[PDB]
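Below is one structure, written out as structure tokens; the observations come after it.
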Amino acid sequence: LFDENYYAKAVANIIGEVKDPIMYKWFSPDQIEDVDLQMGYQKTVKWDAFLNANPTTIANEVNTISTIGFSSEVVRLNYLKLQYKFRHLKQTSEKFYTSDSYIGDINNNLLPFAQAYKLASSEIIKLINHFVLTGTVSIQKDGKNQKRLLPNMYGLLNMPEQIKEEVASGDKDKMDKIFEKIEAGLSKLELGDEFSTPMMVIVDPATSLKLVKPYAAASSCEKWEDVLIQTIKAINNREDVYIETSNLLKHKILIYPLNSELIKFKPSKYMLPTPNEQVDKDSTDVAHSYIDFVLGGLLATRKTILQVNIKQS
Amino acid sequence: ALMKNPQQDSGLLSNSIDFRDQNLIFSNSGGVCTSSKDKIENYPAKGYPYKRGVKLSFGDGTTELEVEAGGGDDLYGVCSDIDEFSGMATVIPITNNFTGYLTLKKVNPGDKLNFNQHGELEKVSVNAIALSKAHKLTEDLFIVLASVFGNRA
Amino acid sequence: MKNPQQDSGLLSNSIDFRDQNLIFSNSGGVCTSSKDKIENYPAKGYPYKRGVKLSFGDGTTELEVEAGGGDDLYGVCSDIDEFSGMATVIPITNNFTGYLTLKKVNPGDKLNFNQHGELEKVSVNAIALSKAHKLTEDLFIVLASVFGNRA
Amino acid sequence: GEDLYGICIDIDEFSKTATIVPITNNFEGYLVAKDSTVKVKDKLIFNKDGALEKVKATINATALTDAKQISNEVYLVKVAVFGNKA
Amino acid sequence: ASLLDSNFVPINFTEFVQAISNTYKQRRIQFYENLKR
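Residue numbers (full-length UniProt numbering), protein chains in the order written: chain S, 3 to 218, 223 to 319; chain U, 20 to 125, 131 to 148, 154 to 182; chain F, 22 to 125, 131 to 148, 154 to 182; chain B, 96 to 150, 156 to 186; chain V, 187 to 223.
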């Protein structure tokens, strides 16, 4: 196949140069398990029990006893397949654009297949990472004109039925007020029996700057970062706490456990960019190619993620 | 919309840590306290009479009798469960007392309740006594824990 | 629904070959060229086999297509995917020939799209190639060829 | 105006050749606007200079975004053009 | 069946895609092993 298809050989020889996603840091090695799907759904069933009323006292003779009921919930995860198209130079036409240093027409913004594929793949991965974090797809700084996605497709920041805290605009710069909201949210977290697990914190760079200020009269050898680590260690059975900064976030603080039993990531094995066999050819030197990627597969339990929003308005 | 099991799926796993106030769901079928000496009857279901007072309905004669939601002088029993595959309504006769959650007309413990024309409970013939206040599950769906003791003026 | 959700009680008889295409399940056009421009859009409601129009929200979410016509006509929906809520739309610039929903009509009549994406007798948009065919009590379809907008 | 034939999407200045999509083919992309007085869901008309201005429109062009400024007079707006009106 | 293996000769486009997924997965496993936190 490599002898016959030049593009297939080109991708295989350049696939190594594509950097790994940064979302891998946000999850434990066991929290991610690949699934075999391209577009569809995966459903699971969970069984619960509940008490209908107070117990019944066994005295003398009795027939009417209190009851214990059961309920089932079916949880479905949606997967979506999306595609992008990019223009590049034909293999045979490369030699007529191979200048001394650069390869490709600077004026016409045309690149060889290999370099075009690399740059396109990196951009797709950035979009995928942004989705896994924020749960939305958009290409605007304002974040408007979002792509309408299927339900049951949520990210870490837009996940429903989680603890949500809002900091008022007046207290935007008061780290004490910000830490007050974090404490309230950490109280409302419900880890159950899975408390003994490491925790992960993601903050915006502006938040990370406020963390290193001395704890508040100013303390000595005690900073807001150290206070926060201890506060989380109180509820995770003093397990490890990892703090990460992401430029994708903005005035947001995200705290969630690193236990597979509570939050698990089940992406499609074809989620990462993959070239398409179809190549558009013409009589000119310009060709077109297609790249496929799959979105979706994040599963989390209720009330196990803390989402802090600092209203900057 | 009104079925016992919601057709819309759930996006997230439930948190099975708490054990309080986890039985006030519309899917809770049967009764809160149930004896082994209770008489229960299934019947063909006309409409969706789940958790409502039912009455006997007769067709032209080609088909057997069925049960439809209703009350008043025509009350025959209370439907505690339903199977959607077979369209069979499990009905406990009025001669058998029942204790469970029933649909309430859109109320304090000790209030006297009678079934209306649509098989819904309403404050006052007296048929049952409210054991709790109305619990709202939807903008129009109100359940109430009640104990039915048959008919009495 | 394009595909009847209710299951059939009997196996069909695949012996005849005539009058087997007048079904609501038929997707696409009777004559299809490989050089037809095909788009997909978010589906608002059920615009299947109807004229569609672009609607813009508050800006939070992208544009979608809803069944409509008149001065706002954008294209014709010839297929729909229910899992993804995606409607296959052929732009009004491209010409289409197939079966479309008709307002509940003879060959040679000039048809225009109404507010609900239904074809009705009279700017003209298409010409009826056949008569109304009844599939349900209110469902009527007709073979029409669309050639754009002309007064 | 009424003399519109198509829209230029690319130019090779060395050969002085402009690639054009005919008006019979629909297009979605960024075009030059007269000013920054254009909002979303606005009917747009080509002027005598070939720039898109907010609205007697022979064609049907609708803006998808707002005018974005790059230079002193460069205003780029995302527009979809899908034929001619009646 | 990974692109890292020099011995791999993809017969058709399908096998090429499968090796891509395997190559991605092995890179993820290697990344976590190298990560120290």
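For each residue, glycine too, the CB sits at the ideal point set by N, CA and C.
Is the beta carbon of S/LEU301 less than 8 Å from the beta carbon of S/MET277? Indexing the first sequence from 1 puts residue 301 of chain S at position 295. Indexing the first sequence from 1 puts residue 277 of chain S at position 271. Closer than 8 Å, so yes.
Could you tell me whether the Cβ of S/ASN282 comes closer than 8 Å to any Cβ of chain F? Start at 1 with the first residue of the first sequence, and residue 282 of chain S comes out as number 276. Chain F contact via Cβ: absent.
Counting pairs of beta carbons, one from the stretch 41-53 of chain U and one from the stretch 94-105 of chain U, are three or more of them closer than 8 Å? At 8 Å Cβ cutoff, the stretches touch.
Tell me, please, whether the CB atom of S/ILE127 is closer than 8 Å to any CB atom in chain V? In the first sequence, counting from the first residue as 1, residue 127 of chain S sits at position 125. Judged by the 8 Å Cβ criterion, S/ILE127 is not in contact with chain V.
Hey, would you say F/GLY143 sits closer than 8 Å to F/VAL73, going by beta carbons? Residue 143 of chain F sits at position 117 when you count from the first residue of the third sequence. Residue 73 of chain F sits at position 52 when you count from the first residue of the third sequence. In this structure, F/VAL73 lies closer than 8 Å to F/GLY143 by Cβ.
According to DSSP, what are the bridge partners of U/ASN138? Taking the second sequence and counting its residues from 1, the one referred to as residue 138 of chain U is at position 114. Paired residues: U/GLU146.
Could you check what DSSP says for F/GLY89 in three-state terms: helix, strand or coil? Stepping through the third sequence from its first residue, residue 89 of chain F is reached at position 68. Three-state result, F/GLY89: coil.
Taking C-beta pairs closer than 7 Å, name the residues in chain V that S/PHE52 reaches, listed in chain order. For this step, residue 52 of chain S is matched to residue 50 along the first sequence. The premise fails here: S/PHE52 is roughly 39 Å from chain V at the closest Cβ pair, so nothing lies under 7 Å.
For U/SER76 and U/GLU85, which I take to be in contact (beta-carbon distance under 8 Å), what is that distance rounded to the nearest angstrom? One-based indexing of the second sequence puts residue 76 of chain U at position 57. One-based indexing of the second sequence puts residue 85 of chain U at position 66. Correct: roughly 5 Å between the Cβ atoms.
Just the Cα atoms here: how many angstroms apart are residue 221 of chain S and V/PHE194? Position 218 is followed directly by 223 in chain S, which means residue 221 of chain S is not present among the coordinates.
How far does the beta strand (DSSP E) with F/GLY72 in it extend, from its first residue to its last? Your numbering for residue 72 of chain F matches position 51 in the third sequence. Counting along the chain, the beta strand (DSSP E) containing F/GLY72 begins and ends at 72-76.
Taking the beta strand (DSSP E) that S/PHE197 belongs to, which residues open and close that run? To locate residue 197 of chain S, count along the first sequence from 1; it is residue 195. No beta strand (DSSP E) holds S/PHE197; DSSP gives it neither H nor E.
Closest residue to B/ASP107 among S/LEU112, S/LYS179 and S/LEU159 (Cα-Cα distance): The residue you call residue 107 of chain B lines up with position 12 of the fourth sequence. Out of S/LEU112, S/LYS179 and S/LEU159, S/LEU112 has the C-alpha closest to the C-alpha of B/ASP107.
Per DSSP, the bridge partner or partners of S/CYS227: By 1-based counting over the first sequence, the position of residue 227 of chain S is 221. Paired residues: none, contrary to the question.
Using beta-carbon positions only, say whether U/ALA182 and U/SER154 come within less than 8 Å of one another. As a working mapping, residue 182 of chain U is identified with position 153 in the second sequence. As a working mapping, residue 154 of chain U is identified with position 125 in the second sequence. Result yes, Cβ atoms of U/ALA182 and U/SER154 sit closer than 8 Å.
Which word fits S/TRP49, buried or exposed, when buried means at least 16 other C-beta atoms lie within 10 angstroms of its C-beta? The residue you call residue 49 of chain S lines up with position 47 of the first sequence. By the 10 Å Cβ count, S/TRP49 comes out exposed.
Opposite U/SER176 in the DSSP bridges: which residues? As a position in the second sequence, residue 176 of chain U is number 147, starting the count at 1. Bridge partners of U/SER176: U/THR118 and U/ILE158.
Indicate whether F/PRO112 and B/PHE182 have their beta-carbon atoms separated by less than 8 Å. The residue given as residue 112 of chain F occupies position 91 in the third sequence. The residue given as residue 182 of chain B occupies position 82 in the fourth sequence. Cβ atoms of F/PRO112 and B/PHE182: closer than 8 Å.
Give me, in chain order, the residues of the same chain whose beta-carbon lies closer than 8 Å to that of U/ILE172; leave out the 5 immediate sequence neighbours on both sides. Here residue 172 of chain U is taken as the residue at index 143 of the second sequence, counted from 1. Taken in chain order, the residues that qualify are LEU43, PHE45, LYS70, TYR120, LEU121, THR122, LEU123, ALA163, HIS164 and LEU166.
Assuming U/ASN156 and U/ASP57 form a contact by the criterion Cβ under 8 Å, report the distance between their Cβ atoms to the nearest whole angstrom. Residue 156 of chain U sits at position 127 when you count from the first residue of the second sequence. Residue 57 of chain U sits at position 38 when you count from the first residue of the second sequence. Not confirmed; about 18 Å, so no contact.
Please name the residue or residues paired with F/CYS98 in a DSSP beta bridge. On the third sequence, position 77 is the one that residue 98 of chain F refers to. DSSP output for F/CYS98 lists F/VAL110 as bridge partner(s).
Partner residues on chain U for S/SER73, Cβ-Cβ distance less than 7 Å: Within the first sequence, the letter at position 71 stands for residue 73 of chain S. Residues of chain U with a Cβ closer than 7 Å to the Cβ of S/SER73 are, in chain order, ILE44 and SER46.
Does the CB of V/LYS222 have a neighbour CB from chain S at under 8 Å? Mapped onto the fifth sequence, residue 222 of chain V falls at position 36. Not closer than 8 Å to any Cβ of chain S, the Cβ of V/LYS222 fails to qualify, so no.
Between the C-alpha atoms of S/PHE52 and U/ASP40, what's the straight-line distance to the nearest angstrom? Translated into positions along the first sequence, residue 52 of chain S becomes position 50. Translated into positions along the second sequence, residue 40 of chain U becomes position 21. So the two alpha carbons sit approximately 8 Å from each other.
Over the uninterrupted alpha helix (DSSP H) stretch that includes V/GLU219, give me the two end residues. One-based indexing of the fifth sequence puts residue 219 of chain V at position 33. V/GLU219 -> alpha helix (DSSP H) spans 199-220.
Please determine, among S/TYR296, S/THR310, S/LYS287 and S/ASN154, the residue with the shortest C-alpha to C-alpha distance to S/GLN93. By 1-based counting over the first sequence, the position of residue 93 of chain S is 91. Cα-wise, what sits closest to S/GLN93 is S/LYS287.
Do you know offhand how far S/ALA240's Cα is from S/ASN62's? For the purposes of this step, residue 240 of chain S is taken as residue 234 along the first sequence, with counting starting at 1. For the purposes of this step, residue 62 of chain S is taken as residue 60 along the first sequence, with counting starting at 1. The straight-line gap from Cα to Cα measures roughly 49 Å.
Contact set between B/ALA186 and chain F, taken where Cβ atoms lie within less than 7 Å: In the fourth sequence, residue 186 of chain B corresponds to position 86, counting from 1. Ordered by position in chain F, the residues that pass the 7 Å Cβ test against B/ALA186 are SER154, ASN180, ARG181 and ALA182.
Which runs of the beta strand (DSSP E) spanning at least 3 residues fall entirely within the stretch 144-186 of chain S, listed in chain order? 165-169
Min CB distance F/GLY80 to chain S below 8 Å: On the third sequence, position 59 is the one that residue 80 of chain F refers to. The C-beta of F/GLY80 comes closer than 8 Å to at least one C-beta of chain S.
Just to confirm, are S/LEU151 and S/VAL139 a CB contact at a threshold of 8 Å? As a working note, residue 151 of chain S is residue 149 in the first sequence. As a working note, residue 139 of chain S is residue 137 in the first sequence. Cβ distance < 8 Å, so S/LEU151 and S/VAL139 count as in contact.
Residues of chain S with CB under 8 Å from F/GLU83, in chain order? Along the third sequence, read from residue 1 onward, the residue named residue 83 of chain F stands at position 62. Those are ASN147, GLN148, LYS149 and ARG150, listed as they occur along chain S.
Any beta carbon from chain F within less than 8 Å of B/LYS149's own beta carbon? The sequence position of residue 149 of chain B within the fourth sequence is 54, counting from 1. No - not a single Cβ of chain F is within 8 Å of the one on B/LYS149.
Do the stretch 162-173 of chain S and the stretch 229-246 of chain S meet, that is, are 3 or more Cβ pairs less than 8 Å apart? They do not touch, by the three-pair rule.
Can we say the stretch 25-43 of chain S touches the stretch 310-318 of chain S, given the rule of at least three CB pairs closer than 8 Å? no
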